[PDB]
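# Understanding the architecture of this molecule
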Amino acid sequence: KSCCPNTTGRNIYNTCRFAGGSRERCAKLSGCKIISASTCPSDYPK
């Protein structure tokens, strides 16, 4: 799943995805990660 620091991270990620940027590119850009671990560390709580 995708995992972001905060709501602004989610906002930027979603906007970039809506425009049509790649998932990891949008994640990096916004300051989020994406991992196949399903569980994310207590650092990206959104």
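A count of helices and strands for the protein chain gives two helices and two strands. Dimensions along the principal axes, computed over C-alpha positions, put the protein chain at roughly 30 × 20 × 10 Å. Classification of the 46 residues of the protein chain by burial places 26% in the buried group. When the accessible area of the protein chain is evaluated, it comes to approximately 3200 Å², of which 52% is carbon and sulfur surface.

The next subject is the environment of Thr15. With respect to the helices and strands, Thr15 occurs in helix α1 (residues 7-19). Note: C-alpha distance between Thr15 and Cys4 (11 residues apart in sequence) is 14 Å. Here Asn11 takes part through its backbone oxygen, which lies 2.8 Å from a polar atom of the side chain of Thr15.

What counts, and at which threshold
Residues numbered from 1 in each chain as written, not as in the entry; some residues may be left out. Heavy atoms only, no water. Helix = DSSP H or I, 4+ residues; strand = E, 2+ residues; numbered from the N terminus. Buried < 20%, exposed > 50% of the residue type's maximum accessible area, 1.4 Å probe, protein only. Areas by Shrake-Rupley, 256 points an atom, 1.4 Å probe, with all protein chains shown as cover. Polar contact = N/O pair within 3.5 Å; in protein donor to acceptor, adjacent residues only side chain to side chain.

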